[PDB]
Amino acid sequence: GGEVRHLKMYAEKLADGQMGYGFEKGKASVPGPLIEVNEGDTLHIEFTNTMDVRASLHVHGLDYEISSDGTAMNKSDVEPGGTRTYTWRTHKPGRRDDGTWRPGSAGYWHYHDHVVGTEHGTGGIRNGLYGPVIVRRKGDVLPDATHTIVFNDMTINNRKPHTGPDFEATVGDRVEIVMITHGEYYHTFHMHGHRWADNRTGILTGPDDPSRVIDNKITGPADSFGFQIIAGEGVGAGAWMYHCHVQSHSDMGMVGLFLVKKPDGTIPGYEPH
């Protein structure tokens, strides 16, 4: 189009010492809420830091001016109790005058804090100040649901070991995953029963797309990718594990379930009593 959109966000400290972003005070989540826009759109985010330490929003991929980089160095962070408007722009792909192709902002991206604990946001990220951003290209396939999976150090979504998260679908649902990594460690994301293309959308464009089809992918801090799968396609219903495949990581609890249900709402072998 594109559209000018406006949005409020808050950073807040949670009772247990974690920190989260939210669209409303008292409704902070880890990961933070999904921001989704179309190439061309501009997003003005009125950000309020409700915490007692400085905090910021820094985003990957999108077009922001230096005044919205979220760093102390560029005076782009937010004092305790303060408010700042960050502007994220996006563009559509197209040919420059030099004849090269400007790529477009479309992709799976993310936002996170850049000043809590250290000037690279090490404490903020660790505490939960991260969330996903999706930029869609005109004509991209849209899913029934999007789930965000973040490997943050040795946790998934800052959860305790062996507590998921778990996600549920029914055979045939189009499910989108946004997969983000943060912290200190490399990981390998693996899903049982499902595969995707290692390219922008996770979907091959057709028979001439030579991208590798995979079910396992090495990631490190601040990597983001995403894909769509048809739940149970060619494989049926089941409690399908996803996990980090680094062996000590899966053993120490970086595992969850993709619960793909039959049309009767049950998972083979785990029917309700």
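The numbering used is simple: start at 1 and walk along the sequence shown.
- Annotation for 87 to 95 versus 179 to 187: the higher mean temperature factor (C-alpha) is found in 87 to 95.
- When the two stretches 24 to 32 and 215 to 223 are set side by side, the higher mean Cα temperature factor goes to 24 to 32.
- In this PDB entry, the Cα temperature factor of residue 54 sits in the top third of its chain's modelled residues, the highest group.
- Ranked by Cα temperature factor within the chain, residue 247 sits in the lowest third according to the deposited record.
- Ranked against the other modelled residues of its chain, the C-alpha B-factor of residue 101 as given in the entry falls in the highest third.
- Compared with the other modelled residues of the chain, the Cα B-factor recorded for residue 19 ranks in the lowest third.
- In this PDB entry, the Cα temperature factor of residue 162 sits in the top third of its chain's modelled residues, the highest group.
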